[PDB]
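Contents: one structure, followed by commentary.
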Amino acid sequence: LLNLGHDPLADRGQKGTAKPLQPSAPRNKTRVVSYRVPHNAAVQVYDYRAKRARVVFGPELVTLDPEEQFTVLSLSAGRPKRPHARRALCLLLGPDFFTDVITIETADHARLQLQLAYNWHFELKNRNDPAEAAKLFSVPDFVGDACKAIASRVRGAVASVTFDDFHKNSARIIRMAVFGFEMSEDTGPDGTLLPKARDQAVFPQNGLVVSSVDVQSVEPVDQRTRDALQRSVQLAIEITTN
Amino acid sequence: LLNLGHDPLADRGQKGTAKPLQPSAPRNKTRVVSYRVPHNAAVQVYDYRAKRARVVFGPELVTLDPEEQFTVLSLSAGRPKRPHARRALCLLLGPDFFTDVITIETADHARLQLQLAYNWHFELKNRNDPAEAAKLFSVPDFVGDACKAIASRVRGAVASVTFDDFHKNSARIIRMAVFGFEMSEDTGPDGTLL
């Protein structure tokens with residue numbers, strides 16, 4: 001039915017039990033229903049197009065799972081899915097998990113398949129207020145470990161690769177002091193933030209603009225500079241001996 | 001019907017329930033309706049041409065989704081969509097999400113597909129007052145993380161690429177002190193800015 005054009009989703013029961021109903025679905029508008037009290041404490045929350053967080057806990061059990069099998073991912077043809085990219089894109093849209101290149105896990109989300117080299121960025125906005133009151137990211141430490149995946153990633157995405165490139169360059173010529181000032185990141189509110197980017201220190205305050213950029217190293221003088229620094233230590237030892 | 005020329009949008013119900021109605025649509029003029037109280041608390045807001053923010057929250061649930069499947073994007077032939085560009089252009093016009101090159105996420109919006117090298121600029125004007133009173137960008141921190149995507153982008157779009165070009169130039173000749181003064185940005189009101 002998903003591929004047919006209109007997803008209705010019906011399902012009867014063994015004893016001729018009738019469970020199919022009708023949601024508001026001109027194209028998309030979810031499918032929710034929550035029965036409680038002496039009857040059948042069961043809430044069936046169903047989302048369309050994507051796979052929104054279906055938080056639902058019952059007696060002695062708690063379910064909050066995106067869940068989809070690699071076969072379903074395939075069956076999602078009439079949905080957003082075809083080659084590799086679309087598969088992954090379908091994941092972070094609904095399900096998750098697919099270690100390809102860079103990854104970012106945060107706020108009950110997971111980002112997969114994106115080559116850092118291909119100037120790829122990742123982001124995952126937080127959940128909602130009712131989700132927090134429910135549990136969400138349980139405890140800070142819990143979030144720490146879950147987020148640790150990003151720290152290891154960044155170290156394996158840029159911090160390591162670049163080191164090898166520096167080696168390639170130094171295997172030809174190169175000059176390098178610029179790997180001794182800063183690299184930083186950003187901090188600050190909209191319209192008044194600090195978007196630092198390598199040797200580009202800017203900070204447009206609420207009513208003031210701060211900026212700074214510097215220049216260093218040049219093959220012949222870089223070595224000569226380093227040599228100078230190491231020589232001063234010699235003189236120090238010399239006067240120390242006397 | 002979208003391709004046929006006039007989008008009416010009808011849909012009956014299993015038990016012969018009648019749900020199709022008629023909006024004001026000479027070409028475009030939306031389709032809104034909000035039923036409440038002991039009857040059927042359901043408001044169906046439908047936009048035409050583009051995919052405006054359909055904010056709508058009900059008992060125990062809240063929906064505010066552009067939502068469109070890659071198949072719908074394709075079906076949007078009689079709408080604004082054909083090759084790659086138009087697809088992306090159709091996205092930021094209605095739906096969203098498509099990491100191509102530069103990206104800017106802000107005020108419940110998303111900008112996709114635009115090569116910085118091709119002197120491409122991105123922009124996304126804020127929402128409306130009633131949207132704020134509803135929730136909008138919930139809390140500042142929330143907006144920070146959502147916007148962090150831009151910081152990483154700019155660093156990967158210009159801050160990194162240029163560094164390599166400087167290397168290419170320095171591999172021939174070059175002189176370079178100009179990478180030690182400033183680069184800045186703008187600040188100020190119209191007709192009196194910096």
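Each chain in the structure tokens gets a letter, A, B, ..., in the order shown, and its residues are numbered from 1; ligands are numbered from 1 in order too.
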Please identify every residue of chain B that has at least one atom no farther than 7 Å from an atom of chain A, counting only C-alpha atoms, and for each give the shortest atom pair and the distance in Å to one decimal, arranged by chain then increasing number, as CSV.
residue,atom,partner,partner_atom,distance
B:11,CA,A:26,CA,6.8
B:67,CA,A:49,CA,6.6
B:68,CA,A:49,CA,6.6
B:69,CA,A:80,CA,5.0
B:70,CA,A:80,CA,4.6
B:71,CA,A:78,CA,6.2
B:142,CA,A:126,CA,6.3
B:145,CA,A:125,CA,6.1
B:146,CA,A:125,CA,5.1
B:149,CA,A:123,CA,5.7
B:151,CA,A:195,CA,6.5
B:152,CA,A:121,CA,6.2
B:153,CA,A:121,CA,6.2
B:155,CA,A:197,CA,5.7
B:156,CA,A:119,CA,5.3
B:157,CA,A:119,CA,6.9
B:159,CA,A:197,CA,6.2
B:177,CA,A:215,CA,6.2
B:179,CA,A:215,CA,6.1
B:180,CA,A:214,CA,4.0
B:181,CA,A:213,CA,5.6
B:182,CA,A:213,CA,5.7
B:184,CA,A:202,CA,6.5
Let's have the selection written as a short mmCIF file (atom, residue, chain, number, x, y, z; two decimals), in the first residue's frame, with C-alpha atoms.
data_model
loop_
_atom_site.label_atom_id
_atom_site.label_comp_id
_atom_site.auth_asym_id
_atom_site.auth_seq_id
_atom_site.Cartn_x
_atom_site.Cartn_y
_atom_site.Cartn_z
CA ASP B 11 -10.94 12.26 0.15
CA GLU B 67 7.26 16.51 4.98
CA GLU B 68 7.48 15.12 1.47
CA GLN B 69 8.93 11.84 0.20
CA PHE B 70 11.50 11.71 -2.61
CA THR B 71 8.67 10.23 -4.68
CA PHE B 142 18.07 24.80 20.96
CA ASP B 145 22.85 23.68 18.12
CA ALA B 146 20.52 23.88 15.12
CA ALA B 149 25.63 23.60 11.18
CA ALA B 151 29.63 27.49 11.67
CA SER B 152 30.97 24.10 10.60
CA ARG B 153 29.90 24.88 7.03
CA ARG B 155 34.79 26.66 8.10
CA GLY B 156 34.52 23.91 5.50
CA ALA B 157 33.45 26.21 2.66
CA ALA B 159 38.23 28.76 5.85
CA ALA B 177 50.97 39.41 4.91
CA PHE B 179 46.37 37.05 5.80
CA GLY B 180 47.14 39.04 8.94
CA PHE B 181 44.88 42.09 9.14
CA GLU B 182 41.16 41.21 9.04
CA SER B 184 35.31 40.81 9.10
#
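Listed by chain and then by rising number, the residues of range 41-160 of chain A that DSSP assigns to strand (DSSP E or B) from the backbone are residues 42, 43, 46, 56, 57, 58, 61, 62, 63, 104, 105, 110 and 111 of chain A.
Remark: for residue 60 in chain B, the closest of the candidate residues A:131, A:16, A:222, A:100 is A:131 (distances computed over only C-alpha atoms).
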Atom pair CA of residue 182 in chain A + CA of residue 117 in chain B, distance 25.6 Å
For range 44-80 of chain B against range 119-138 of chain B, with a cut-off of 10 Å and counting only C-alpha atoms, what is the closest atom pair and its distance in Å to one decimal for every residue that makes the cut, ordered by chain and number, as JSON lines?
{"residue": "B:53", "atom": "CA", "partner": "B:127", "partner_atom": "CA", "distance": 9.2}
{"residue": "B:55", "atom": "CA", "partner": "B:131", "partner_atom": "CA", "distance": 7.9}
{"residue": "B:56", "atom": "CA", "partner": "B:134", "partner_atom": "CA", "distance": 9.8}
{"residue": "B:57", "atom": "CA", "partner": "B:134", "partner_atom": "CA", "distance": 9.7}
{"residue": "B:64", "atom": "CA", "partner": "B:136", "partner_atom": "CA", "distance": 9.9}
Residues of range 45-180 of chain B in alpha helix (DSSP H) according to DSSP, as a PyMOL selection string? chain B and resi 70-75+84-91+129-134+140-154+161-170
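Take CA of residue 150 in chain A and CA of residue 106 in chain A: the distance between them is 9.1 Å.
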Compile the contact shell of residue 99 in chain B as number ranges by chain: residues with an atom at most 7 Å away, counting only C-alpha atoms, same-chain residues fewer than 2 positions apart removed. B: 97, 101, 112-113
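Proximity to residue 154 in chain A was assessed for A:176, A:72, A:43, A:102 counting only C-alpha atoms; the smallest distance is recorded for A:102.
Ranking A:157, A:85, A:2, A:139 by their shortest atom-to-atom distance to residue 101 in chain A, with only C-alpha atoms included, puts A:157 first.
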